[PDB]
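# Part one of the assembly, not moved from where it sits:
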Amino acid sequence: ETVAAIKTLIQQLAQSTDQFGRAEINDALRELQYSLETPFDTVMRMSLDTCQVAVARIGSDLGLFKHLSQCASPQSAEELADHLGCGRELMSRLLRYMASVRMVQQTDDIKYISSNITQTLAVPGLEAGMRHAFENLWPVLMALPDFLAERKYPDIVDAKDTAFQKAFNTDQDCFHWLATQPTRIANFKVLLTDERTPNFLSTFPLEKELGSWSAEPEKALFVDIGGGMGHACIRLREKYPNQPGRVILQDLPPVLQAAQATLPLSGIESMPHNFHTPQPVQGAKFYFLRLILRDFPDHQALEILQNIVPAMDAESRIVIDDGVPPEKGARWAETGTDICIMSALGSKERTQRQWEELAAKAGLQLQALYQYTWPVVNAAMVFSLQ
């Protein structure tokens, strides 16, 4: 059949390229889908695609993805239902739906095996992002249209006056509201254990950027500001095991104690630091900010940069590792993020020119930009004092 032939050739093209080529193919397949659906199909697609997150959250509550990924033969719906404690008819209907969207696979004797998506949802860090989206993002998006209608469609600029405050009936911003929320801290801390791949070290020419700087007598090579579990520090020490200089993970105390389990015995310091205060480490080569500034409106993002600038020597650099969407033709993964951080945080995705304008207000100029993902661009941008 022509359908089998299409799948075979796209599969073969996909395996004949790298992860960025496969991402480009997937965006093309998505664009083809939208161009080819009928009007009624469009409305059905938009209506039913919301089911995926709800049904993933149920499968996660039942432990279904973890169980199915460990099974060694196809499982019947009754076997899964009786094992996980689910009603037989309910489980059979959830599995039929999951099979239709490849969350599981259905065999021709109507049994079930894991798919690539089953394996994904069984990973704690990824499972946690799905649960984050259901419990924290969905309420904000559900509130955005009426929030904007009430306020007469304002440009959102303040983290304490956006859809989040209407959706959760609070007056705090996300950061502070979450502390008051037991169940959501546990999922968030699990979320921080996910490590995105690839990372900036795949294209960052660290030796070229070192240049005229010296680690002697005891200077810091790398200060990871808000570095979470410290994945950037770990990958840096791993890739450049012979480069001298302190490598310092900076974050809040509760996150730093969680990171102790995973950090190496030696080579990475843990330093409690609130990045809304002056940077304590002086003259470091790289002050590193990964997925930090995108969570803040320009006013607060600027204050974070101004808190680092007085610690910089002439050879110091601020490295912002973040999304850099293009000026036109932006893709859904970076425009969707923009709407979400608008609605929850009052912040925004920034083009290269918007990053430069923000950094110029802190006294900085862009020296170099090292993309490491495509077609949705994440880049390490290297800034020095003007």
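Yes, it's here. Residues are numbered from 1 along each chain as shown, chains lettered A, B, ... in the order given.
# drop to CA atoms for contacts and neighbour counts, all remaining ones
OK.
# and residue A:118, what is it in contact with?
Contacts here follow C-alpha atoms under 8 Å, 6 or more residues apart in numbering; on that basis residue A:118 touches A:65-66, A:68-69, A:103-104.
# again with residue A:135
Remark: with contacts taken as C-alpha under 8 Å, 6+ apart, residue A:135 is in contact with nothing.
# May I have the phi/psi pair for it?
For residue A:135, the backbone dihedrals are phi -90, psi -20 (criterion: degrees, to the nearest 10).
# need the contact list for the closest residue to residue A:111 other than its chain neighbours.
Ranked by C-alpha to C-alpha, 6 or more residues apart in numbering and with sequence neighbours excluded, the top spatial neighbour of residue A:111 is residue A:76, at 4.6 Å. The neighbours of residue A:76, taking C-alpha under 8 Å, 6+ apart as the test, are A:110-112.
# Out of these, the closest to residue A:80 would be?
Within the set of these, residue A:112 lies nearest residue A:80; the separation is 9.1 Å, counting by C-alpha to C-alpha.
# Quick one: the strands in chain A, in order.
For chain A, strands defined by DSSP state E occupy the ranges A:105-106, A:112-113, A:220-225, A:246-251, A:269-272, A:286-290, A:317-323, A:364-371, A:378-385.
# Could you double-check that residue A:55 lies in contact with residue A:95?
No. Using C-alpha atoms under 8 Å as the test, residue A:55 is too far from residue A:95 to be in contact (9.5 Å).
# of the two, who's got more company?
Relative neighbour count places residue A:95 above the other of residue A:55 and residue A:95, with 26 against 16, counting by other C-alpha atoms under 10 Å.
# ok now do the more buried one, which residues does it touch?
Residue A:95 touches A:77, A:104, A:112, counting by C-alpha under 8 Å, 6+ apart.
# How many residues are close by the first one?
Right, residue A:77. 21.
# Distance check, it against residue A:108.
Here the criterion is C-alpha to C-alpha, to the nearest Å. By it, residue A:77 lies 13 Å from residue A:108.
# and what of residue A:334?
Taken as C-alpha to C-alpha, the span from residue A:334 to residue A:108 is 39 Å.
# Compare the two (neighbour count), which wins?
Taking neighbours as other C-alpha under 10 Å, residue A:334 and residue A:108 compare with residue A:334 leading, 19 against 7.
# and chain B on top of that:
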Amino acid sequence: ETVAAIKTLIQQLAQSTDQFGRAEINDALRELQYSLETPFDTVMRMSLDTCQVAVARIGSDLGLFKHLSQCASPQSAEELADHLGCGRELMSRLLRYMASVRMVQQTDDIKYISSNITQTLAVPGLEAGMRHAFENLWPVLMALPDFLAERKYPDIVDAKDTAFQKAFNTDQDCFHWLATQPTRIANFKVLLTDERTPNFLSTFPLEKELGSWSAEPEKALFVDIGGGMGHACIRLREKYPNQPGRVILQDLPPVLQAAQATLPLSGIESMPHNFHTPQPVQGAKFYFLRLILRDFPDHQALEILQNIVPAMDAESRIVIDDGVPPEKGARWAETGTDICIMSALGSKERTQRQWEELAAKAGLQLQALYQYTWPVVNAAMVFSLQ
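Chain B added:
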């Protein structure tokens, strides 16, 4: 470039087939996307694809899609913002996101024109379907995971005990509650103006099913039970304009009122009738139920059928026009519908065997099954007395 070549060749294959083949290709493109995405891509897709309904809702509130679909030239974001009463920065970011998911088209000089999806969302009945998804379906899906956990995963069979009651904090079932909400019933009435295509008359062998039936003296040929705007009656009269016999649209008076604008001035009777009460028309050739019975659990669906059966002749037929999902390999459109109607109405999609089991409890037997859509199957099922 490979991506351009894939789009060219899929587009050419799509143009060469019919709507059923294009739907087959679209399901295959979806399956390829899901198998080719990375684990991180899966979570981002699940997370962000719900932005689409939220942003469509906003563009609907602003009249954006209706406006853009009437525009004779590309519009800048500033021109749209100022025309529609939206903040310029807000409108720019919404348009960028809409273009990235083909809800509009962005030009090379960063202006905006209608896409196929813009035109769809400008259609009142299709727009109303999207607004229904946002305001009615979304809160029920949002409530389903916690509802199932509280009741430890029951099999849902009661229309007054499902996620709908939790989501809207009421003890009414969905049908009664909707009537007490003026803006929601108003949207619903616009929703009824959308006419699905193709319809059952494309494969229904009317003359063979009629045989020698005579309309003499006063008999009805076609009774459209819960017929809405009467599309099935209108199409029947248009395709067989010389077939004698009355054609009767039965619904509740508020819906029949909205139908008068569209009905032909002669040939179709509007008869108020509650299908939970005994059927007034005796001895009709066809009692027609399109997309009625899937809205009810088996007990209440049985009673609707039992209200008709005493009116039937030996020649009378009940025609159920509804989804007939396969025993295996069902598609996302028909399984996702099953999960939505579970959560909001306590009902279910039914396989052919499940329809026959239900209809036998009313003393009916299946005589013919006429599919008219593929690969998601809708069929007219013709039942007679045992």
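# Could you re-examine the contacts of residue A:118 with chain B now present?
Taking C-alpha atoms under 8 Å, 6 or more residues apart in numbering or on different chains as the contact definition, residue A:118 lies against A:65-66, A:68-69, A:103-104.
# Let's see that with 6 Å instead.
A:65, A:103-104 (C-alpha atoms under 6 Å, 6 or more residues apart in numbering or on different chains).
# Just the closest of the residues you listed to chain B, please.
Distance from chain B was checked for each of those by C-alpha to the nearest C-alpha. The minimum falls on residue A:103, at 8.8 Å.
# how far does the biggest helix by length in chain A sit from the chain's center?
Determined from DSSP state H, the single longest helix within chain A is helix A:19-36. Between the mean C-alpha location of helix A:19-36 and the chain-wide mean there is a distance of 21 Å, by C-alpha atoms, centre = their mean, to the nearest Å.
# re the thing from before, top of the contacts of residue A:118 by neighbour count?
With neighbours defined as other C-alpha atoms under 10 Å in any protein chain shown, the most crowded of those is residue A:103; it has 28 neighbours.
# mind listing the helices for the stretch 251-386 of chain A?
Along the stretch 251-386 of chain A, the segments classed as helices by DSSP state H, counting those that start in this stretch run A:253-259, A:298-306, A:332-345, A:352-361.
# Out of those helices, which is closest to chain B?
Closest to chain B of the helices of the stretch 251-386 of chain A, according to C-alpha to the nearest C-alpha: helix A:332-345, at 4.8 Å.
# And for that closest one, what's in contact with it?
Judged by C-alpha under 6 Å, 6+ apart, the contacts made with helix A:332-345 from elsewhere in the structure are A:159, A:162-164, A:347-349, B:48, B:97, B:100.
# can you rerun that using 7 Å?
A:140-141, A:144, A:156, A:159, A:162-164, A:174, A:295-296, A:325, A:347-349, A:376, B:48, B:51, B:96-97, B:100-101 (C-alpha atoms under 7 Å, 6 or more residues apart in numbering or on different chains).
# ditto for stretch A:262-271
Residues beyond stretch A:262-271 that count as contacts (C-alpha under 7 Å, 6+ apart) turn out to be A:233, A:247-251, A:256.
# can you redo those as a markdown table with distance to residue B:132 and neighbour count?
Shown next, in a markdown table, are the contacts of stretch A:262-271 (distance: C-alpha to C-alpha, whole Å; neighbours: other C-alpha atoms under 10 Å in any protein chain shown):
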| residue | distance to residue B:132 | neighbour count |
| --- | --- | --- |
| A:233 | 48 | 22 |
| A:247 | 54 | 23 |
| A:248 | 52 | 23 |
| A:249 | 48 | 28 |
| A:250 | 47 | 25 |
| A:251 | 44 | 23 |
| A:256 | 46 | 22 |
